[PDB]
Amino acid sequence: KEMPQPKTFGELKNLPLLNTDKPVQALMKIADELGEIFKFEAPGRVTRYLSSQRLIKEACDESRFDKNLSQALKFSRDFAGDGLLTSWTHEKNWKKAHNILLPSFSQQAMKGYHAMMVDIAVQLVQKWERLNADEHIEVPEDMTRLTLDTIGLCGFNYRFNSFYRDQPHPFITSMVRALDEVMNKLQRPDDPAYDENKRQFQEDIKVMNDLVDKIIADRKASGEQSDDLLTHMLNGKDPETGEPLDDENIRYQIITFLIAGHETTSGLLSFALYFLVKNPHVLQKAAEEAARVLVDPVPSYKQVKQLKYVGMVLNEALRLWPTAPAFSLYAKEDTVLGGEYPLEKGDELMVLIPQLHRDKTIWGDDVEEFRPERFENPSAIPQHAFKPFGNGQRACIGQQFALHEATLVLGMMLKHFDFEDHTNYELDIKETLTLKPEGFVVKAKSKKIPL
Amino acid sequence: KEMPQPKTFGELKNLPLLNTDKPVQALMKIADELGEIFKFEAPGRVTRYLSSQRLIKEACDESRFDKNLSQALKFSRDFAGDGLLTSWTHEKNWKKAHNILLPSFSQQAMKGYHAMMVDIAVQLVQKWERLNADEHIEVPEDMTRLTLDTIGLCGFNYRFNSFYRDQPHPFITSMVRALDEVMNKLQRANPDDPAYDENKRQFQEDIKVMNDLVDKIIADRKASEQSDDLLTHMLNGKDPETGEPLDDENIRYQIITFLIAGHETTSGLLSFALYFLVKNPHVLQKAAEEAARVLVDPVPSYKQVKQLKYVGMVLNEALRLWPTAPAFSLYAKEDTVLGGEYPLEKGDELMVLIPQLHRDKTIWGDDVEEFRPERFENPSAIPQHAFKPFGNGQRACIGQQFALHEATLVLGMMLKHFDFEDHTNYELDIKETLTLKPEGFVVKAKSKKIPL
Ligand code: HEM
Ligand code: HEM
Ligand SMILES: O=C(CCCCCn1ccnc1)N[C@@H](Cc1ccccc1)C(=O)O
Ligand SMILES: O=C(CCCCCn1ccnc1)N[C@@H](Cc1ccccc1)C(=O)O
Ligand SMILES: Cc1ccc(N)cc1
Ligand SMILES: Cc1ccc(N)cc1
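As given, the protein sequences belong to chains A and X, one line each in that order.
When you line the first sequence up against full-length UniProt numbering, it's residues 4 to 191, 194 to 456, in that order.
When you line the second sequence up against full-length UniProt numbering, it's residues 4 to 227, 229 to 456, in that order.
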């Protein structure tokens, strides 16, 4: 009945616990000490972090809870607006955009994206095969190159040409700096000292809007016919109201999909490669499957579908390190959680996804081991035990896109290269609003299989 | 490219090769001579028996192959209908029943089953502790008593009371005879001779006995406690897709299905596991140490059973050497090539010979015939699709976890409470119905005098 709560800092309550460079890993440690639920207070805010499948399965009841905007998502509205990810379920523009955009992530849409996914995946393989003796690969950097280029090409027929750059594209430099300022506003008054920080925020948002303007103007002047994400954005009509998306919302969606479309996916690929080089039994099993399934120089759509074990590898990477580590919920009415924790209408909850995926009562005692075989049979996983893509009607719309891209890329990587952990890399998880291994490097020796 | 094929008997082709009391062991011997794949022809049917992980890993690709109904499952349809095991994947009642009944095998359902599993397991332990001097135990018979009562109690709140009987329950007398007639329809050189007419008459009477018990189980439930067991989901559970529940014809097929599938293979597993334990005293000791330190209470709990790691490895190593459901069948969904060597047309049939697959020397090494539970410490070291005792994919065994929990609980209590003796130096004799069991397996067990 009485809820635990971590240590407090006077009038700041628990907020200084978040004044760290790895807050999710710190929240995981508090969960280890306090258990399945604890209260977290900050100036002007109260929330509750859930860690057990038992309580999270109740919070995922959509008749009792709706998506809440975390403080990180509230601040992100300054550039993402009422796009799909940063809008409330009751805002007209969510359901409208959800109806207009779901078709662009169907199976027939996936088949159309596949060719352009291979285009970028081939650029990755060729970069690595063009390395000189004893040169190494910066894994998370190259994964971000691939995932950003893939969403740009597949979604908008725009080429970021990340593999022609040693520095990151100016879009993500401002993207990262804007998100870093969002991060800073969490652990922060508005004294004059922050005037430059507010000025820098406005410049970085303008840089992103400038790219969006180029993407839209290129399409209007294009003259060709495309059938991608941008096409449904401009021409698709909501079957309810009959209306298409108006002009502010399209640019909010473009910004939204550019960011949501690439960051979590590159982290997933980076984590997947880390666990593979750290677990030679798994890597051999995954490389055997890639070799026997990907028999052509260019993988087909059906061939990617057949990489069952690579998909199990990816799901086991999402279990240990879900790259979007949390989502928020609020109680729609007065209700009781777990029969012991009463909640009022509007009370907020945090789902701590990494901790949910370490519930020993669900996954057994060995939660920290990397075992893709946990996912051999999907029906064996209890309901709401595995939640890397959110929940319900507010779940990740790009889930199938992300899993197809990652399976294609990982499969080609395993077919064409042998990888070495030549530095005996010690896992260092960097935290923005998502999770990535920082400094992860490998050496790859080509198997000399042509494309 | 060219596929081997065993000796033929004129117009009967390979069918007389199956006219034996040990056909699976006969098919294993043919595999030893012919290798990883061979063609087997019968009047009106062609199939291919697979034996290597190399080819079976491709056959388990669900995008290219679907579950096929073998002739054994086709004939079993006369009493199992379109229940879960004998229905085609494309029959509406398979997916519907799969959606409704999968929750009754979840972790929360297992915890609810656990008390009634202990109920039957204690009756077993008490029977053995009540034996007189120099009396022995009939292992497969007592395992069949336990597994049948466990599925009866846990699934349907019906007590077969097998430990109060000398002769088998009337249900399984007709059940064993019905399954025996299915086996006979397989091996018959000519299928409708006059001699078999009574055999068909007896077949129908045995089906009526089984259906009559189903009627009693259903009427007993209709006359109101409040249960949440397998039968409860059968009667009230609704398919989230179609919104509808199962109709009354299909429920009766499911009850028959789960009564049979729920116990026969599990009793064979427990018998084989106990056989390998008495034949390998180092393993038996290692498993006995674990039972002693984990089962510290007079009644084992759900968590304690979860902790019997070595006993679970013991059960998996018994399933490797003698998988009690010895085969399953597949058909090609489209034209495809197997192993880059064997072209298959749409509809072509395959048989997975599970005991032979589990003896693939390229997978398990030099000691394939040795009983070493250690082989299962790490699943990541086992190549993909090398271990298939519960079938494959969406048609894999739905009762897998229930079977593994029951057997782990029972074996653990057996090892905690008794020391076992192979007083006859029993020579393994594998009986074949549609499943495999050691016939005539007997032991002596002397109690450790630990109260319950
Ligand atoms: C590894 C890859 C990914 C992960 C782990 C992931 C995770 C998530 C999660 C947890 C949410 C729900 C957040 C919340 O409830 O507040 C979400 C929503 C969303 N994701 Fe992803 N995502 C991934 C890839 C993608 C991709 C590739 C796209 C687009 C191309 C995308 C677009 C979106 C959008 C638009 C939403 C909001 C959907 C809505 O509420 O209508 N994501 N994602
Ligand atoms: C040692 C114990 C067991 C073994 C070796 C075993 C083996 C198998 C195998 C190999 C299959 C697939 C057959 C095929 O593909 O044609 C299967 C399916 C099935 N088993 Fe078991 N089983 C065991 C225990 C159980 C138990 C305890 C139950 C129920 C209480 C059960 C119920 C079923 C059902 C309903 C199916 C059909 C599933 C479907 O196709 O939807 N089995 N089993
Ligand atoms: O990380 C988060 C939520 C961020 C979710 C990730 C967003 N994403 C990205 C892609 N898919 C989802 N943290 C909390 C912590 C906090 C609590 C109380 C007071 C201040 C901050 C928050 O933002 O509210
Ligand atoms: O052993 C089998 C399959 C037996 C599977 C056991 C069924 N079970 C029980 C529990 N879970 C599955 N054999 C073939 C033999 C045959 C080949 C050609 C012509 C006729 C017969 C068949 O049935 O077709
Ligand atoms: C709005 C937004 C979308 C995705 C990420 N990773 C951060 C912020
Ligand atoms: C239908 C059927 C189910 C189980 C067994 N062992 C045989 C037949």
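C-beta: ideal position from N, C-alpha, C; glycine also.
Self-check item: Residue ranges of each beta strand (DSSP E) within the region 21-99 of chain A, 3 or longer
Solution: 40-45, 48-53 and 68-71, all fully within the region 21-99 of chain A.
Quiz item: If we cut at 9 Å on Cβ distances, does A:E378 have a partner in chain X?
Solution: Yes, A:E378 counts as interfacial toward chain X.
Exercise. Could you tell me which residues DSSP pairs with X:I140 in its beta bridges?
Key: In DSSP, X:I140 forms a bridge with X:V447.
Quiz item: Under 9 Å between the Cβ atoms of A:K420 and A:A295?
Solution: Yes, they are a contact pair.
Quiz item: Can you name the residues that DSSP bridges to A:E425?
Solution: As DSSP reads the structure, A:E425 sits in a beta bridge with A:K448.
Practice problem: For my contact list, A:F375 and A:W131 are in at a C-beta cut-off of 8 Å; report their separation, rounded to the angstrom. | Solution: With 8 Å as the limit, A:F375 and A:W131 do not qualify as a contact, their Cβ atoms being about 23 Å apart.
Quiz item: Given a threshold of 16 other Cβ atoms within 10 Å of its Cβ, counted over all protein chains shown, does X:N396 qualify as buried or as exposed?
Solution: Classification for X:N396: buried.
Quiz item: Taking 8 Å as the cut-off, does the CB of A:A75 come closer than this to any heavy atom belonging to ligand 5?
Solution: A:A75 has its Cβ nearer than 8 Å to a heavy atom of ligand 5.
Quiz item: Would the beta-carbon of A:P327 be found less than 8 Å away from any heavy atom of ligand 1?
Solution: Yes, Cβ of A:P327 sits closer than 8 Å to a heavy atom of ligand 1.
Practice problem: Report yes if the CB atom of A:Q111 is closer than 9 Å to the CB atom of X:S66, and no otherwise. | Solution: The answer is no: Cβ separation not under 9 Å.
Quiz item: With DSSP run on the structure shown, which of helix, strand or coil describes A:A198?
Solution: A:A198: helix per DSSP, three-state reduction.
Quiz item: Going by the beta-carbon positions, is the gap between A:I260 and A:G86 smaller than 9 Å?
Solution: The Cβ atoms of A:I260 and A:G86 sit closer than 9 Å to each other.
Quiz item: Under three-state DSSP, which class holds X:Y167?
Solution: DSSP places X:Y167 in helix when its eight states are reduced to three.
Practice problem: Compute the minimum distance between the beta carbon of A:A400 and the heavy atoms of ligand 1, and state whether it is under 8 Å. | Solution: Correct: A:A400 has its Cβ closer than 8 Å to ligand 1.
Practice problem: Run the CB neighbour count on A:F12, radius 10 Å, all protein chains shown included, and call it buried at 16 or more, exposed below. | Solution: Around the beta carbon of A:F12, fewer than 16 other beta carbons sit within 10 angstroms, so the residue counts as exposed.
Quiz item: What residue does the beta strand (DSSP E) around A:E353 start on, and which one ends it?
Solution: First-last of the beta strand (DSSP E) with A:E353: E353 to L357.
Quiz item: Can you give, in chain order, each stretch of the alpha helix (DSSP H) that sits fully within the region 345-426 of chain X and has at least 4 residues?
Solution: Scanning the region 345-426 of chain X for uninterrupted alpha helix (DSSP H) segments of 4 residues or longer gives 358-361, 365-368 and 404-421, listed from N- to C-terminal end.
Self-check item: Per-residue DSSP class, three states only, for X:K435
Solution: Looking at X:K435 - three-state DSSP - the assignment turns out to be strand.
Quiz item: Of all the CB atoms in chain A, is at least one closer than 9 Å to the CB of X:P387?
Solution: Any Cβ of chain A closer than 9 Å to the Cβ of X:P387 would place that residue at the interface, and such an atom is present.
Quiz item: Using DSSP with H/G/I as helix, E/B as strand and the rest coil, what is X:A331?
Solution: Reduced to three states, the DSSP call for X:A331 is strand.
Quiz item: Is X:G86 near ligand 6, with its Cβ less than 8 Å from a heavy atom?
Solution: For ligand 6, at least one heavy atom lies less than 8 Å from the Cβ of X:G86.
Exercise. Starting from the beta carbon of A:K310, find every residue of chain X whose beta carbon is closer than 9 Å, and list them in chain order.
Key: Here the neighbours are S66.
Practice problem: Check whether the Cβ atoms of X:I358 and X:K392 lie closer than 9 Å to each other. | Solution: Contact annotation: X:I358 and X:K392 have beta-carbon atoms nearer than 9 Å.
Practice problem: Indicate, with yes or no, if ligand 3 has a heavy atom lying under 8 Å from the CB of A:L216. | Solution: No, the Cβ of A:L216 stays beyond 8 Å of every heavy atom of ligand 3.
Quiz item: Hey, how far is the Cα of A:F406 from the Cα of X:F68?
Solution: Cα to Cα, A:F406 sits roughly 26 Å from X:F68.
Exercise. Starting from residue 1 of chain A, follow its DSSP beta bridges and name the residues at the other end.
Key: The question about residue 1 of chain A has no answer here: the residues shown for chain A are numbered 4 through 456.
Practice problem: Would you check if the distance between the CB atom of A:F163 and the CB atom of A:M355 is smaller than 9 Å? | Solution: No, they are not a contact pair.
Quiz item: Hey, does A:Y279 have any beta-carbon neighbour from chain X nearer than 9 Å?
Solution: A:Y279 does not count as touching chain X.
Practice problem: Please work out which residues of its chain come closer than 7 Å, Cβ to Cβ, to A:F262, disregarding the five sequence neighbours upstream and downstream, and give them in chain order. | Solution: When the five nearest sequence neighbours on each side are left out, the beta carbons in the same chain lying within less than 7 Å of the beta carbon of A:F262 are those of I154, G158 and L234, in order along the chain.
Self-check item: Contact set for X:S271: own chain, Cβ-Cβ below 6 Å, skip 5 residues either direction
Solution: Once the five neighbours on either side are set aside, the close Cβ partners of X:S271 are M146, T147 and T150.
Exercise. Show which residues of chain X have a CB atom less than 7 Å away from the CB atom of A:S384.
Key: Around A:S384, the beta-carbon contacts reaching into chain X at under 7 Å are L105.
Quiz item: Roughly how many whole angstroms lie between the Cα atoms of X:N254 and X:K99?
Solution: Using only the alpha carbons, I get a separation of about 10 Å.
Quiz item: For A:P455, does the three-state DSSP call read helix, strand or coil?
Solution: Correct three-state label for A:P455: coil.
Quiz item: Is the shortest distance between the beta-carbon of A:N254 and the beta-carbons of chain X less than 9 Å?
Solution: Residue-level contact by beta carbon fails for A:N254 and chain X, as no gap is shorter than 9 Å.
Practice problem: Taking 8 Å as the threshold, find out whether the region 328-346 of chain X comes into contact with the region 426-442 of chain X through three or more Cβ pairs. | Solution: Judged by Cβ distances under 8 Å, the region 328-346 of chain X makes contact with the region 426-442 of chain X, as three or more pairs qualify.
Quiz prompt | Listed by chain order, chain X residues near A:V287 by CB distance under 8 Å | solution = Neighbours of A:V287 in chain X, taken as residues whose beta carbon is under 8 Å from its own, are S384 in chain order.
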